[PDB]
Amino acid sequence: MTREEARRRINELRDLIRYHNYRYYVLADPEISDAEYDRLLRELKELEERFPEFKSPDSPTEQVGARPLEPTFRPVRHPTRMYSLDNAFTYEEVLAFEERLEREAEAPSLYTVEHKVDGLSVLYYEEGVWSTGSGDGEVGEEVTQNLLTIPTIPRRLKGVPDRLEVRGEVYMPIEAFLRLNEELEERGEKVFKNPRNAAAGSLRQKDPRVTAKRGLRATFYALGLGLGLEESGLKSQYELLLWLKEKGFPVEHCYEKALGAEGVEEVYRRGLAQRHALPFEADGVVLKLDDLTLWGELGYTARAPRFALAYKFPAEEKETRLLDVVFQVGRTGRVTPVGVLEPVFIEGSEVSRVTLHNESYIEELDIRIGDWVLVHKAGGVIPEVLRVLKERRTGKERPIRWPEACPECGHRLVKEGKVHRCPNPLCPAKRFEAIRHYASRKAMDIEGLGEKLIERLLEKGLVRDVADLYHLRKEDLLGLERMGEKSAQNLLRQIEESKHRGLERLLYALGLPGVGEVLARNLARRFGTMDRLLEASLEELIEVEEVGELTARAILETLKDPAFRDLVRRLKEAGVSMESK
């Protein structure tokens, strides 16, 4: 095969093998075989040896197996340079920007105005086929695989220049950014302060499977190798965005034409209105001269172009003192921290109570009490302490310390892992979760108990904990909330049938500290009865499979809890089987 042909196949092989490694270990819907997949991975290595030049440590071959094809974060120089934009914060400067451009033709020049997203990335394509995709700077990290987890990014193009380098951004939508931040808070990890960083991390994952469960989307706006001077007949910035879309590239961020600094400013304000109506955090707009041909004459500065500019929304950050900190208790039992700030003004709305997330965040940022703090809006939606103003410390700041007891039940607290929490099985703060967990198919299957009925039974006062479900024997109780006997009797038998699930499913229902779906069964077989387990010694618990010293000494305490004993007894009496099924 000719030198060129080998290159082409080598790109295609590296692709299909990356595609199917995704189609397999990530999506789980493979098309080709598990053995017919190795027929390509071996040929990749064959051409990679009779043409050693094309050896790229990005190739699948450098770390193979039946393991997830991880992305090599090796530094890579982009064909063309990826510049950054200069920042304007007033119409005076935007006007001055157009004035700077007046060193040639007339007065009001036409532009294309689009919104500002988060997370810069470049994607190099050869003969339409995709080679790599990197991060940013001057040299960027290779992360092709993690970019495959975003279904919108196209692999094969058509009618494109031999060497195409399309740019754009990979971002995480607010909803997702918020979902991720919640999972992190509960686990006791440090949360992200914005979508840029969260998109960064979610893309800087060894296991591309992780990147997939994160929101991650991508939008594309600019070209490089391939723009006009190469093969594309693109003349307008507006045509480019449509061109990009047509070729299968996802252009989701907003854009529209505008005449002169005056008209640019018209789009700006119309944008500033919708500053928090977009599915993503946009901190400004980007006005670019629409005539591509005029981009050549107009160069770049040391670190920025001349034909384009970034008009930014006002920075909504304010300084204030953290007066006191109060504690709340989540649905899962986790004692959450809340800082009571000196009333300040961010975007008109008055901020006075801000979240401190968890003990880690408080520790990282070194958040104390008498402290002055800079508070901002993460994702431009959730107020939080961006960082403390250290130097202004009077020395009398008090360090944030958790309470001995749970503020919502009085039970002594316990630090399970990285976050403080309430062990009390009957804590009122944990009722809804307790009931649901117990009703799920994995636990004691009780289908009728929808997420709504549980809170209705809780609100009305008919249920305080798990055992009370069995005392609802009276359908007279169930015949008032959207149910009318036809729906009542059907659930009455479910609460009844659930009595019969064994110790295995029963231990998993009462959610003990750490006792998983498997840890419950291995625990139930080894004890036979709830009574026996309640008399377990520390040793007997450790001797069990998967039970660590840390989880043994935990189960041991919950077992002796006068409240756990109570809940168990009241469930026994209702006739719930305490044995192994």
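Heads up: residue numbers just count along the shown sequence, starting at 1.
Visitor: 136-144 versus 90-98: which one carries the higher mean Cα B factor per the record?
Guide: Taking the mean B-factor of the alpha carbons in each, 90-98 is higher.
Visitor: When the Cα temperature factors in the entry are averaged, is it 114-122 or 206-214 that ends up higher?
Guide: According to the entry, 206-214 carries the higher average C-alpha B-factor.
Visitor: For the listed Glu165, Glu281, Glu359, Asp476, which has the peak Cα B-factor recorded in the PDB entry?
Guide: Comparing C-alpha B-factors across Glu165, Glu281, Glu359, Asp476, the top value belongs to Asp476.
Visitor: In this PDB entry, which of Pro75, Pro151, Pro343, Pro79 has the top CA B-factor?
Guide: Among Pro75, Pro151, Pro343, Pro79, the highest C-alpha B-factor in the entry belongs to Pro75.
Visitor: Using the B-factor values recorded in the entry, state whether the Cα atom of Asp15 falls in the lowest, middle or highest third among the modelled residues of its chain.
Guide: Middle third, going by the recorded CA B-factors of the chain.
Visitor: Once the chain's modelled residues are ordered by C-alpha B factor and cut into thirds, is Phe192 in the lowest, middle or highest one?
Guide: Tercile = middle for this residue's CA B-factor.
Visitor: Tell me, lowest, middle or highest third: where does the Cα B factor of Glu62 rank within its chain?
Guide: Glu62: CA B-factor falls in the middle third of its chain.
Visitor: How does the C-alpha B factor of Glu183 compare with the rest of the chain: lowest, middle or highest third?
Guide: Its C-alpha B-factor belongs to the middle third of this chain's values.
Visitor: Within this chain's modelled residues, let me know which third the CA B factor of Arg306 belongs to: lowest, middle or highest.
Guide: CA B-factor rank for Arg306: middle third.
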